[PDB]
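Structure first, then comments.
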Amino acid sequence: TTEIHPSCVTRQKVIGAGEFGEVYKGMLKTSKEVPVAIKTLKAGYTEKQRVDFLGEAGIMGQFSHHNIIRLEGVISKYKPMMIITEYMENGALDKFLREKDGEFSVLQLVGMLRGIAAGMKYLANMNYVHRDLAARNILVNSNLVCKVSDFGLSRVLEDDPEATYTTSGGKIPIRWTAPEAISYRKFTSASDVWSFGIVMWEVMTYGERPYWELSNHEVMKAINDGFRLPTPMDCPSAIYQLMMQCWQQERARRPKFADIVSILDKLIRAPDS
Ligand SMILES: CN1CCN(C2CCN(C(=O)Nc3cc(Oc4ccc(NC(=O)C5(C(=O)Nc6ccc(F)cc6)CC5)c(F)c4)ccn3)CC2)CC1
């Protein structure tokens, strides 16, 4: 990661805040200034927290792709510590699609899915398994470009610092996670492809919550009994068929992300479907 000089960074507007810290909109001088998001580490912290905060930035900094959020740099030597990323004017996809209910064409929605799939193909080619692929972790810019991110919603601290038992390795998003990853913690790019099919269903419902009528255990039983998410209204058959292939029980049968990009490219270049 690049260390950013604090003089080059300006915070202008608060986007959100929690016990983790805060997120700001601001400007960065690379030398004209560019808009950025600025994630801060809350005071005070623990040396695992600070190393984990910086270590997550190190992971993000390894990637360079149009459909992966870009790391501009970090401030680690001064307080508050900061992760400084590319700015995404439309925020998280799930919220964006609920705000824009019914307002996009099918070709526009499929273009979003292609962008997500192209980001995931890059990650797969880097041997990176995301494990939390969901519309809430897809960011959207003004041009409607969709980019993969992982703010770390799965890794927030909710464990007492003195608890005998703690969560380790993060919590699991059951509604987005492939069955073999829930059962054996077998996380692979193939289990990310299952999650991608769930993202496809989020997009085509303009942000419905998957299995929303069902408790987390109600979801797991429904799945192993063979239930799959239903065909959204106005979802083309070819898109729903792609979803079902991502949700194949045997992971060796799911498409690879490279295949998903190609399938979506061909559809975009020739509707029908
Ligand atoms: C519709 N309008 C609503 C109000 N308003 C807002 C909406 C909310 N907005 C917003 O949230 N913008 C935004 C926030 C941002 O906050 C983040 C800050 C940091 C992160 N990511 C990270 O911290 C990490 C990460 O993403 N790692 C990572 C990345 C990619 C991978 F493949 C794996 C790990 C952990 C290092 C992140 F995913 C998001 C980033 C960029 N843009 C934009 C303006 C205008 C739009």
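A note on labels: chains of the structure tokens are A, B, ... as shown, every chain counts residues from 1, and ligands are counted from 1 in their shown order.
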
Name the residues of stretch 106-146 of chain A that fall into helix (DSSP H, G or I) according to DSSP on the backbone, using the chain letters and numbers of this document, as a PDB file with N, CA and C atoms, in the first residue's frame.
```pdb
ATOM      1  N   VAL A 106     -33.672  -4.205 -18.933  1.00  0.00           N
ATOM      2  CA  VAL A 106     -33.029  -5.492 -18.675  1.00  0.00           C
ATOM      3  C   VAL A 106     -31.574  -5.464 -19.140  1.00  0.00           C
ATOM      4  N   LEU A 107     -31.304  -4.812 -20.273  1.00  0.00           N
ATOM      5  CA  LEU A 107     -29.925  -4.722 -20.745  1.00  0.00           C
ATOM      6  C   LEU A 107     -29.043  -3.956 -19.766  1.00  0.00           C
ATOM      7  N   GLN A 108     -29.591  -2.926 -19.115  1.00  0.00           N
ATOM      8  CA  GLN A 108     -28.785  -2.211 -18.131  1.00  0.00           C
ATOM      9  C   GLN A 108     -28.486  -3.088 -16.921  1.00  0.00           C
ATOM     10  N   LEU A 109     -29.480  -3.841 -16.441  1.00  0.00           N
ATOM     11  CA  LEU A 109     -29.247  -4.718 -15.294  1.00  0.00           C
ATOM     12  C   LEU A 109     -28.242  -5.812 -15.636  1.00  0.00           C
ATOM     13  N   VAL A 110     -28.351  -6.380 -16.836  1.00  0.00           N
ATOM     14  CA  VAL A 110     -27.414  -7.420 -17.230  1.00  0.00           C
ATOM     15  C   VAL A 110     -26.011  -6.843 -17.376  1.00  0.00           C
ATOM     16  N   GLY A 111     -25.900  -5.591 -17.816  1.00  0.00           N
ATOM     17  CA  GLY A 111     -24.592  -4.961 -17.863  1.00  0.00           C
ATOM     18  C   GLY A 111     -23.974  -4.816 -16.483  1.00  0.00           C
ATOM     19  N   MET A 112     -24.804  -4.533 -15.476  1.00  0.00           N
ATOM     20  CA  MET A 112     -24.303  -4.502 -14.097  1.00  0.00           C
ATOM     21  C   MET A 112     -23.737  -5.858 -13.694  1.00  0.00           C
ATOM     22  N   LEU A 113     -24.487  -6.926 -13.967  1.00  0.00           N
ATOM     23  CA  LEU A 113     -24.041  -8.277 -13.635  1.00  0.00           C
ATOM     24  C   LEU A 113     -22.750  -8.637 -14.363  1.00  0.00           C
ATOM     25  N   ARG A 114     -22.611  -8.210 -15.620  1.00  0.00           N
ATOM     26  CA  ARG A 114     -21.363  -8.457 -16.343  1.00  0.00           C
ATOM     27  C   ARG A 114     -20.189  -7.787 -15.653  1.00  0.00           C
ATOM     28  N   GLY A 115     -20.384  -6.554 -15.186  1.00  0.00           N
ATOM     29  CA  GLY A 115     -19.309  -5.866 -14.486  1.00  0.00           C
ATOM     30  C   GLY A 115     -18.899  -6.604 -13.229  1.00  0.00           C
ATOM     31  N   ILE A 116     -19.885  -6.976 -12.406  1.00  0.00           N
ATOM     32  CA  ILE A 116     -19.604  -7.773 -11.214  1.00  0.00           C
ATOM     33  C   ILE A 116     -18.880  -9.056 -11.587  1.00  0.00           C
ATOM     34  N   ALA A 117     -19.330  -9.721 -12.644  1.00  0.00           N
ATOM     35  CA  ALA A 117     -18.717 -10.994 -12.996  1.00  0.00           C
ATOM     36  C   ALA A 117     -17.285 -10.793 -13.469  1.00  0.00           C
ATOM     37  N   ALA A 118     -17.027  -9.694 -14.180  1.00  0.00           N
ATOM     38  CA  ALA A 118     -15.668  -9.398 -14.628  1.00  0.00           C
ATOM     39  C   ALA A 118     -14.753  -9.098 -13.450  1.00  0.00           C
ATOM     40  N   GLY A 119     -15.250  -8.380 -12.444  1.00  0.00           N
ATOM     41  CA  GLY A 119     -14.465  -8.224 -11.224  1.00  0.00           C
ATOM     42  C   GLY A 119     -14.176  -9.553 -10.549  1.00  0.00           C
ATOM     43  N   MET A 120     -15.190 -10.425 -10.455  1.00  0.00           N
ATOM     44  CA  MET A 120     -14.996 -11.717  -9.805  1.00  0.00           C
ATOM     45  C   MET A 120     -14.076 -12.627 -10.615  1.00  0.00           C
ATOM     46  N   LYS A 121     -14.124 -12.539 -11.947  1.00  0.00           N
ATOM     47  CA  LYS A 121     -13.190 -13.324 -12.747  1.00  0.00           C
ATOM     48  C   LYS A 121     -11.750 -12.917 -12.454  1.00  0.00           C
ATOM     49  N   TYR A 122     -11.506 -11.615 -12.327  1.00  0.00           N
ATOM     50  CA  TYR A 122     -10.173 -11.139 -11.977  1.00  0.00           C
ATOM     51  C   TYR A 122      -9.737 -11.703 -10.634  1.00  0.00           C
ATOM     52  N   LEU A 123     -10.620 -11.633  -9.633  1.00  0.00           N
ATOM     53  CA  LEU A 123     -10.291 -12.169  -8.317  1.00  0.00           C
ATOM     54  C   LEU A 123     -10.029 -13.666  -8.394  1.00  0.00           C
ATOM     55  N   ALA A 124     -10.887 -14.413  -9.104  1.00  0.00           N
ATOM     56  CA  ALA A 124     -10.639 -15.845  -9.258  1.00  0.00           C
ATOM     57  C   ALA A 124      -9.259 -16.106  -9.869  1.00  0.00           C
ATOM     58  N   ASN A 125      -8.895 -15.345 -10.907  1.00  0.00           N
ATOM     59  CA  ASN A 125      -7.583 -15.483 -11.536  1.00  0.00           C
ATOM     60  C   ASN A 125      -6.441 -15.092 -10.613  1.00  0.00           C
ATOM     61  N   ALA A 135     -25.052  -8.171  -2.987  1.00  0.00           N
ATOM     62  CA  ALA A 135     -25.271  -6.842  -3.553  1.00  0.00           C
ATOM     63  C   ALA A 135     -24.863  -5.732  -2.587  1.00  0.00           C
ATOM     64  N   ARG A 136     -24.939  -5.973  -1.276  1.00  0.00           N
ATOM     65  CA  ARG A 136     -24.496  -4.951  -0.333  1.00  0.00           C
ATOM     66  C   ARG A 136     -22.995  -4.665  -0.433  1.00  0.00           C
ATOM     67  N   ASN A 137     -22.205  -5.569  -1.025  1.00  0.00           N
ATOM     68  CA  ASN A 137     -20.758  -5.388  -1.187  1.00  0.00           C
ATOM     69  C   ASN A 137     -20.369  -5.010  -2.614  1.00  0.00           C
TER      70      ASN A 137
END
```

Would you tabulate, counting only C-alpha atoms and all ligand atoms, all residues of chain A that have an atom at most 7 Å from an atom of ligand 1, showing the closest pair of atoms and their distance in Å to one decimal, sorted by chain then ascending number, as a tab-separated table?
```
residue	atom	partner	partner_atom_place_in_ligand_line	distance
A:15	CA	ligand 1	8 (C)	6.1
A:23	CA	ligand 1	16 (O)	6.0
A:36	CA	ligand 1	41 (C)	6.9
A:37	CA	ligand 1	40 (C)	4.7
A:38	CA	ligand 1	18 (C)	6.2
A:39	CA	ligand 1	18 (C)	5.2
A:56	CA	ligand 1	36 (C)	4.7
A:57	CA	ligand 1	36 (C)	4.4
A:59	CA	ligand 1	34 (C)	6.3
A:60	CA	ligand 1	28 (C)	4.5
A:68	CA	ligand 1	30 (C)	5.7
A:69	CA	ligand 1	30 (C)	5.8
A:83	CA	ligand 1	23 (O)	6.4
A:85	CA	ligand 1	40 (C)	6.0
A:86	CA	ligand 1	41 (C)	5.7
A:87	CA	ligand 1	41 (C)	4.1
A:88	CA	ligand 1	42 (N)	3.7
A:89	CA	ligand 1	43 (C)	4.3
A:90	CA	ligand 1	46 (C)	4.3
A:91	CA	ligand 1	9 (N)	3.7
A:92	CA	ligand 1	11 (O)	6.2
A:96	CA	ligand 1	1 (C)	6.1
A:123	CA	ligand 1	32 (F)	6.5
A:130	CA	ligand 1	32 (F)	6.3
A:137	CA	ligand 1	38 (F)	6.6
A:139	CA	ligand 1	42 (N)	6.7
A:148	CA	ligand 1	30 (C)	5.6
A:149	CA	ligand 1	30 (C)	3.8
A:150	CA	ligand 1	26 (O)	3.7
A:151	CA	ligand 1	21 (N)	3.8
A:152	CA	ligand 1	35 (C)	5.8
```

Legend entry - From A:173, A:40, A:262, A:253, residue lying nearest residue A:219 [only C-alpha atoms]: A:173

I'd like to know which residues of stretch 131-235 of chain A are strand (DSSP E) (by DSSP, run on the backbone); could you write them as a short mmCIF file (atom, residue, chain, number, x, y, z; two decimals) with C-alpha atoms, in the first residue's frame?
```
data_model
loop_
_atom_site.label_atom_id
_atom_site.label_comp_id
_atom_site.auth_asym_id
_atom_site.auth_seq_id
_atom_site.Cartn_x
_atom_site.Cartn_y
_atom_site.Cartn_z
CA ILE A 138 -21.10 -4.14 -4.77
CA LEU A 139 -20.51 -0.41 -5.19
CA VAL A 140 -21.94 1.69 -8.04
CA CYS A 146 -20.46 -1.93 -10.57
CA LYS A 147 -17.36 -2.78 -8.52
CA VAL A 148 -16.61 -5.57 -6.07
#
```

Inset, instruction - Identify which of the residues A:264, A:198, A:74, A:93 lies closest to residue A:141, counting only C-alpha atoms when measuring atom-to-atom distances. - result: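 Residue with the minimum atom-to-atom distance to residue A:141: A:93.
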
Legend entry - Near-residue A:159 list (12 Å; only C-alpha atoms; drop same-chain fewer than 4 positions) as a ChimeraX atom specification: /A:155,163-168,170-171

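Contact shell of residue A:101 at 6 Å (only C-alpha atoms; same-chain neighbours under 3 positions omitted): residues 97, 98 and 206 of chain A.
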
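The nearest approach to residue A:223 among the residues A:63, A:184, A:240, A:176, with only C-alpha atoms taken into account, belongs to A:176.
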
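The space between atom CA of residue A:256 and atom CA of residue A:220 spans 23.8 Å.
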
Legend entry - Å distance separating atom CA of residue A:51 from atom CA of residue A:192, one decimal place: 26.4 Å
